[PDB]
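Student: pasting the first chains of the complex, positions unchanged:
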Amino acid sequence: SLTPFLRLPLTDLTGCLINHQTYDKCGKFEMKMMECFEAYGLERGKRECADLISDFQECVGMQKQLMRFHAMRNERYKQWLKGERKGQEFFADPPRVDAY
Amino acid sequence: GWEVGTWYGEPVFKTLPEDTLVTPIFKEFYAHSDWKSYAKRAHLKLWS
């Protein structure tokens, strides 16, 4: 998160606007990362928070997993269009509805 | 170079402790399933 230069009392007004700290899968992931920013400061934090930033981004942005998912689907379709699969056995057995 | 559970060997969580199970995304949970099964759960609210 940004650092206002001013930091007058007004920043208290809009500071808590958007966060992840309210019942989120990434609440703990961000607190560690952002804490590390507070410890090392902003500019130096960007060079010491390699793991924490990547983990937090892979927890919210989720690009790392969605971009696994397409590799599986595309590689399932590529096999079939090459004839390596068959129509009857295209997909695996679906999961049970009462799950996840 | 595909490794199961990672993007070509890159773990999708570096900081996490060992054997730290993480619930995958809904879509990833259905990565190997037809659209029918997917829609049977995600659209129960809307009813199609």
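Tutor: Right, received. Where do you want to start? Residues are numbered from 1 along each chain as shown, chains lettered A, B, ... in the order given.
Student: Can you mark which positions in the top helix by length along chain A are buried?
Tutor: Of all the elements of type helix in chain A, the one with the most residues (DSSP state H) is helix A:63-81. For helix A:63-81, a neighbour-count test (16 or more other C-beta atoms under 10 Å in any protein chain shown) marks A:64, A:65, A:68, A:69, A:76 as buried. No exception for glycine: its C-beta is placed from N, CA and C like everyone else's.
Student: I figured residue A:21 hits residue A:27, correct?
Tutor: Yes: under the criterion of C-beta atoms under 8 Å, residue A:21 makes contact with residue A:27 at 5.4 Å.
Student: Can you tell me what sits against the longest helix seen in chain B?
Tutor: If you go by DSSP H, chain B has its longest helix at helix B:35-42. Contacts made with helix B:35-42 from outside it, assessed by C-beta atoms under 8 Å, 6 or more residues apart in numbering or on different chains, are listed as A:94, A:95, A:97, A:100, B:26, B:30, B:48.
Student: again with stretch B:18-29
Tutor: Outside of stretch B:18-29, the residues that reach it under the criterion C-beta under 8 Å, 6+ apart are A:62, A:65, A:66, A:68, A:69, A:95, A:100, B:13, B:16, B:42.
Student: I'd like those residues as JSON lines, with distance to residue A:88 appended.
Tutor: Supplementary listing: those in JSON lines, determined by distance: C-beta to C-beta, whole Å:
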{"residue": "A:62", "distance to residue A:88": "33"}
{"residue": "A:65", "distance to residue A:88": "30"}
{"residue": "A:66", "distance to residue A:88": "29"}
{"residue": "A:68", "distance to residue A:88": "27"}
{"residue": "A:69", "distance to residue A:88": "24"}
{"residue": "A:95", "distance to residue A:88": "20"}
{"residue": "A:100", "distance to residue A:88": "27"}
{"residue": "B:13", "distance to residue A:88": "37"}
{"residue": "B:16", "distance to residue A:88": "40"}
{"residue": "B:42", "distance to residue A:88": "26"}
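Student: Another chain to add, chain C:
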Amino acid sequence: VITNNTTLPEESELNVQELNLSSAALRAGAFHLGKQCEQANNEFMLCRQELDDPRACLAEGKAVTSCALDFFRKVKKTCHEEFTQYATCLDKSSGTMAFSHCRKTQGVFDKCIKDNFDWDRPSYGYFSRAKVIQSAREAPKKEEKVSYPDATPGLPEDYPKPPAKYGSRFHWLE
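Tutor: Placed with the earlier chains, chain C looks like this:
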């Protein structure tokens, strides 16, 4: 996210006798069922909250389902007729399966269960309260604080501040 080294229990272990009992049938015995399996439920539900690993609560979960299945065997043995009428009514009386409609048939069951097992229907708000238990898991989560010995240091207030050498040192000392 699941990889080879992540350890999931084998399929055989996850297999266990299940209820497979519909919603209305479950809601019928809810109040009498709850008073019995509370010890297992709280033990199971407590770990699941503190510890959010499904495989870790695997042992406790089997206790919860066993208690539920244990309860209905008793009901099947004695009040089979009554319980079916209560469930049938509760199912076919409203779209929500509200208890407020079927008070009559409910009474029939409650008298059957208290004549055969001397149990009592808990008060309406009994299960909505906070339930404090004696943790048999005995492993309440620990507490720690992260340490950064390399944090950007600042000037401490105890540091003495003598006058600057030759002042401003700007151009012509101004």
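Student: once more on the contacts of stretch B:18-29, with chain C this time?
Tutor: Contacts with stretch B:18-29, where a contact means C-beta under 8 Å, 6+ apart, come from A:62, A:65-66, A:68-69, A:95, A:100, B:13, B:16, B:42, C:1-2, C:5-8, C:53-55.
Student: Kindly recompute the last result at 6 Å.
Tutor: A:65, A:69, A:100, C:1, C:7, C:53 (C-beta atoms under 6 Å, 6 or more residues apart in numbering or on different chains).
Student: likewise stretch A:17-37?
Tutor: Residues lying outside stretch A:17-37 but in contact with it, judged by C-beta under 6 Å, 6+ apart, are A:45, A:49, A:52, A:53, A:55, A:56, A:59, A:60.
Student: Pull out the buried residues from the residues you listed.
Tutor: Neighbour counting by 16+ other C-beta under 10 Å classes A:45, A:49, A:52, A:53, A:55, A:56, A:59 among the contacts of stretch A:17-37 as buried.
Student: which residues in the chain form helices?
Tutor: No chain was given, so I picked chain A. With DSSP H applied, chain A shows helices at A:10-14, A:27-40, A:42-48, A:50-60, A:63-81, listed in chain order.
Student: right idea, wrong chain: chain B
Tutor: With DSSP H applied, chain B shows helices at B:26-29, B:35-42, listed in chain order.
Student: wait, what's in contact with residue A:100?
Tutor: Residues in contact with residue A:100, defined by C-beta under 6 Å, 6+ apart, are residue B:29.
Student: With residue B:31 instead?
Tutor: Listed by C-beta under 6 Å, 6+ apart, the contact set of residue B:31 reads A:69, A:72.
Student: Report how many residues lie close to whatever residue of chain B ends up closest to chain A.
Tutor: Across chain B, no residue is closer to chain A than residue B:37, which sits at 3.3 Å (C-beta to the nearest C-beta). As a burial measure, residue B:37 scores 16 neighbours (other C-beta atoms under 10 Å in any protein chain shown).
Student: cool, the one 10 residues further on as well?
Tutor: With neighbours defined by other C-beta under 10 Å, the count for residue B:47 comes to 5.
Student: Further, place chain D onto the existing structure:
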Amino acid sequence: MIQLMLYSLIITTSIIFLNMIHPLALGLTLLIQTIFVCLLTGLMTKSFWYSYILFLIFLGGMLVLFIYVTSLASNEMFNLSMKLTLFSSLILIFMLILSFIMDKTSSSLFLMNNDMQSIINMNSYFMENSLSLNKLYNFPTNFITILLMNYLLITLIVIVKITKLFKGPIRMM
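Tutor: One more piece, chain D, placed on the ones above:
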């Protein structure tokens, strides 16, 4: 599935919207799209509460600008563009064709619908919009709402001062 068809329509109505000239033609195009965007947003959310609000908010703006359109740009012209009708209809069917032969498990948005959430998520069993709208009226974010209030009231002072009601009605002299 209709999500893709919603994608096609919102695209289609946007192409024509770039080509409208008559203000009411713009308005009709915009009104149709406000329906779809409102519909589409609720697909990827735990509730449609915001679609109701957005729809209600914009309809207020829809009426008002007709009142001014009918006073300022009353006398203007339409022109059916056979290039446009074919082009939109051509792509529209083209887009609709794809949505039938699309791997529409891949096209679905990853945002977690209410049903997409797990069964264990205890916070998903409350009222449909309890938690989400909650901290709009709790410390410290409540002061933002309060700040709007002055902002809205102070706005209400701006319009009357810009408007200068007493110096007459509005006509397209």
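Student: Revisit the contacts of stretch B:18-29 given that chain D is now included?
Tutor: Stretch B:18-29 is contacted from outside by A:65, A:69, A:100, C:1, C:7, C:53, D:110, D:116, using C-beta under 6 Å, 6+ apart.
Student: so what's residue D:132 closest to, chain neighbours aside?
Tutor: Excluding the flanking residues, the one nearest residue D:132 by C-beta to C-beta, 6 or more residues apart in numbering or on different chains is residue D:46, at 6.8 Å.
Student: Report the separation between the one you found and residue D:36.
Tutor: Residue D:46 is 20 Å from residue D:36, where distance means C-beta to C-beta, to the nearest Å.
Student: And for residue A:30?
Tutor: When residue A:30 is compared with residue D:36 (using C-beta to C-beta), they lie 34 Å apart.
Student: Name the residue in the two with the higher neighbour count.
Tutor: Summary of the neighbour comparison: residue A:30 and residue D:36, criterion other C-beta under 10 Å, with residue A:30 having more neighbours (21 against 18).
Student: Mind checking if the longest helix of chain A is in reach of chain C?
Tutor: No: counting by C-beta under 6 Å from any C-beta of the partner chain, chain C is not contacted by helix A:63-81; separation bottoms out at 6.8 Å.
Student: Give me the distance between that helix and the centre of its chain.
Tutor: Remark: helix A:63-81 is offset 19 Å from the chain centroid, using C-alpha atoms, centre = their mean, to the nearest Å.
Student: residues in contact with that helix?
Tutor: With C-beta under 6 Å, 6+ apart as the contact definition, helix A:63-81 has outside contacts at A:58, A:85, B:7, B:12, B:25, B:27, B:28, B:31, D:106, D:110.
Student: How about stretch D:118-125?
Tutor: Contacts made with stretch D:118-125 from outside it, assessed by C-beta under 6 Å, 6+ apart, are listed as A:23, A:100, D:117.
Student: try it again with 8 Å
Tutor: Residues from elsewhere that reach stretch D:118-125 (C-beta under 8 Å, 6+ apart): A:23, A:98, A:99, A:100, B:23, C:48, D:46, D:114, D:117, D:131.
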